[PDB]
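Here's a solo chain for you in structure tokens, the form deposited in one PDB entry.
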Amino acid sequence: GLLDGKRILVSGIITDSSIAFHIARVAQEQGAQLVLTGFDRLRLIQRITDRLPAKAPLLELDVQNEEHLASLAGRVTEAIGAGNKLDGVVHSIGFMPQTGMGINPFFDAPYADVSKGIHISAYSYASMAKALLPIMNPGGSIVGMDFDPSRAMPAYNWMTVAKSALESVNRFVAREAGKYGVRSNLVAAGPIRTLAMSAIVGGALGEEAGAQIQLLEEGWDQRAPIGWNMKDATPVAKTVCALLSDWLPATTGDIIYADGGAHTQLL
């Protein structure tokens, strides 16, 4: 197993189409022992994760709650046993209020909404590293989920700005994590048909926002030299597991693109 004997915390599961659900499944297939964290709807998340190949403890974590963050390391240690530390951490958490996405004009998002989205989607990558690095082993790995924000695009709007901030945060987290012998990297995935993303394509955020996202998805598979299947998160999950493994030991502060190669092609 690629991750045999490793203890890995995975955040971000909310449905069976969550990218983090497939990260967790593949990590368990490869021998990892998991601790899961979930936000708000813990009964739902427990029912969802009962379908993973192995039972895993589930801890509550709202990344805006400083009490959850202050207690997290102790709750993880209780779950994996005293004297044991984590080898890996997966941040698969993102949110932007509806005013910051969709057909709602870019200029009309109030800063309170933008700040909440940047808190959950970017600052919390530093928050989780701060909480968990003291209980991580040398040779460990922190991985977060990214969507390439180097160019503007329709509808993503303020979430694009949040991802730009996240990429910057990751480079600073690498500086801190390096003192522990730990790597920090992001995986920039192509579009994946989660429940939330299917709802937006179906017009949850306005019709032409849905139309624009559908056009973006189609161009992605066209550009990608090996194609891109938005209905299959397994290639993204495998890439996260590659970064959690010992096989990219000299990569940190960096971004790995699991996007079919689409970002390397103009058309």
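Residues carry their position along the shown sequence, with the first being 1. Heads up, when I say rigid core I mean the largest set of C-alphas that superpose within 1.5 Å between the two forms.
Missing here is the form deposited in another entry; even so, the following discussion is about that form.
Looking at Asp232, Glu60, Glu208, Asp221 after a core superposition between this form and the one not shown, you find that only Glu208 has a C-alpha shift of 2 Å or more.
Remark: with the core as the superposition reference, the CA shift of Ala199 between this form and the one not shown reaches 2 Å or more.
Legend note: Cα of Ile213 to Cα of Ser164 is at least 3 Å farther in that other deposited form than in the depicted form. In that other deposited form, the CA atoms of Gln212 and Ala152 move apart by 3 angstroms or more relative to this form.
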